[PDB]
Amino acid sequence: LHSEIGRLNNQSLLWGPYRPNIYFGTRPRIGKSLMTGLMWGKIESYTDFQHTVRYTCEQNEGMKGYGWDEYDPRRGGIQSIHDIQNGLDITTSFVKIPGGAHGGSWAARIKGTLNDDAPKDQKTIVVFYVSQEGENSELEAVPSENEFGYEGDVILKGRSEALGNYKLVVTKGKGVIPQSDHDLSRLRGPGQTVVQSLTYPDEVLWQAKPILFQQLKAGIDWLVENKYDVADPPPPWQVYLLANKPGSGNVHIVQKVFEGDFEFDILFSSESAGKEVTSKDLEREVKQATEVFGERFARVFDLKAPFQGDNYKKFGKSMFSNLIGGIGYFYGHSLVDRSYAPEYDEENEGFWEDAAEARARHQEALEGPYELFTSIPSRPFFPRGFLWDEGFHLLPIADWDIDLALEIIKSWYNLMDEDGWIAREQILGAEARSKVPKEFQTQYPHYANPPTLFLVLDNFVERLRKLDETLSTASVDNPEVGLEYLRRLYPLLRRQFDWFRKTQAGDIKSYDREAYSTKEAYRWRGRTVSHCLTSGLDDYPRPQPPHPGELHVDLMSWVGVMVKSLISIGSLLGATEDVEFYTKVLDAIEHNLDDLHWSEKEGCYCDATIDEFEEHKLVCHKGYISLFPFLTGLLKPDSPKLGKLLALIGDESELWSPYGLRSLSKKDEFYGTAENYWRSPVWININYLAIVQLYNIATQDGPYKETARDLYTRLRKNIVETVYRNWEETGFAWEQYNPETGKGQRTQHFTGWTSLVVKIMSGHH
């Protein structure tokens, strides 16, 4: 029954618009297979189309906004694109139709509506780009009846081992097709749909814009050779219309020119299924997906007071659909330094300089290939897997579809090497690499990231202990299934645990350091003078200078999260020897969090260094770091330490802004200094942990119950309303929010852990 749920999930999720780095495209969860992408741009001149054409996601003055209005990766969804430069409102509707042995069928409708500011006679070029990778696979455009291109539909017939036989149809569509009266129309036709069928080496098929432009430039070179010149030029849209040459190859370019509004369908028909997919099929499945998406949202994300209203419901659907809509499939090599240079052990003073010397040897090499199925922080800016981000992204996804979330956890944990290391940043394949400078690509096997994926496992464990509809919840509704999932992953969880304790260990025994445990102390590897990137709080102030004697209260707290998960999953698997080891490790962390990290003088937790005089010194910087034992659920509800953190959290002069908790206190010497990334702004991910723990205390007999209930109520309201106001004003989820103005700032389309707001609104933790 585990391998049967497996096959039905594999097949449910195979197809999707799993190219979030582009406005619209499709690929299956297979490295070397069939991919599609959409391009469009207005053409007003002989030189503008190269600047107007759209393919990879960006965010600038020329784009008002874009995102999924609805999405469920089992069924499909609807994307809205609002393009100022090209004067177009586009809708891309994608739908999956189960059937056959090959992951089923799909269809997509592309609809462009010129906005009021667009010239009514605007010429828009639309390209549907189709590529297929693999040694023993075939794809052929069926030639038209007409000389110069297609009056009707374009049919591609293809085959591969992975997909079997399939047809991909690009329909004629609705919309005026411009007609040239020029001489050139005798050789190129007056204007029609055209297809170029080409071949390139498999590994460059993803370079769709260069490949298209090489064919367009070749068309213009032919105009010059053949005496079409400035005395009497063809209209621009005809100069940029490829010569029809359908055939067989691994790249097929389908080009249309429309005057005014346009629409066309893409119909992918898996031959192993019954009858082929039609446009009437597309419209019915799109209608049904919407109904289902609507019914599930109302049950899964029942927004409670004061966000019961319809305005908060549209907001919630946008933040949720953009988060789950960001899901990509990535395949390729990553760039890893496998030297394990001894400079990486960082056991000297001034270690950052040594590690820089080791990096400057550039022993990093490509390895893999790897695959990853994951949601992402931002389509235009960070369209790839970030390890601790994915913990946050999967909390609302798991509500929607626990089986989906477990697939993504499996996918991430299938990347873990023999030592227990998953790279914090998954840049898979030359396409993923195109977006990232060489210097920033290299992953380092000593660099950790918070194990936030354990929090998703914690939520799945609570659910377990207490056919698209069915598949979504098969891993909870069938307890034998849930347990086998945990049985297979458990070894990898323990491996990661051991790897933290071997590679991210702090030094007690070597200094004047008294503490209940000689063992429990942690220090993030990878820290520079001004940064600690591996903690995830890039520029949060840490001991100066950095020092092999540093201890990091956030890292110890994360190891705490890990043991508590290992306890529950070990218990469930009767792993008695382990459950007794973890229990003794948890007890030592509880004691050592107090002994190495509690400041009675300051009333909070603090990181620690070693002095110019070789003794333990607390370095206190009041902010997120200071709260970490509380954020991570480690403190008993009667703890006086908790009571002092509740005071700091509520204190307007320190962390409490009208807009949420400040990353750093207004009192800290480093508030609003340097790049000011985690040195004052409000971050939704850390506020969400705060909101969850205030609720935990608020729904329990104890001395702080009422203080917690008040802070929970107000913080939930502040965070939700701040993100809601910015969404209403700008259309965007943002990375971070300004505690002075409430403005969203830095990275837009940040869905992204900012989408946690859906879960905050729905409460009932």
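For every residue, the number given is its place in the sequence shown, counted from 1.
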### Task
Using the PDB record, quantify the missing residues of the deposited sequence between residue 466 and residue 467 as none, 1 to 3, 4 to 9, or 10 or more.
10 or more
### Query
Which is higher in the entry, the mean Cα B factor of 472-480 or that of 120-128?
472-480
### Task
Select between 703-711 and 37-45 the stretch whose C-alpha atoms have the higher average B-factor in the entry.
703-711
### Query
Checking the entry, which one of 676, 146, 250, 318 has the top C-alpha B factor?
146
### Among 393, 542, 109, 597 - the residue whose C-alpha B-factor is largest in the record
597
### Query
Would the CA B-factor of residue 83 place it in the lowest, middle or highest third of its chain?
lowest
#### Entry: CA B-factor ranking of residue 60, expressed as a third of its chain
middle
### Task
Sort the modelled residues of this chain by their C-alpha B factor and say whether residue 629 lands in the lowest, middle or highest third.
middle
### Task
Among all modelled residues of this chain, ranked by Cα B factor, put residue 570 in the bottom, middle or top third, i.e. lowest, middle or highest.
highest
### Summary
Among the modelled residues of its chain, the C-alpha B-factor of residue 342 falls in the third labelled highest
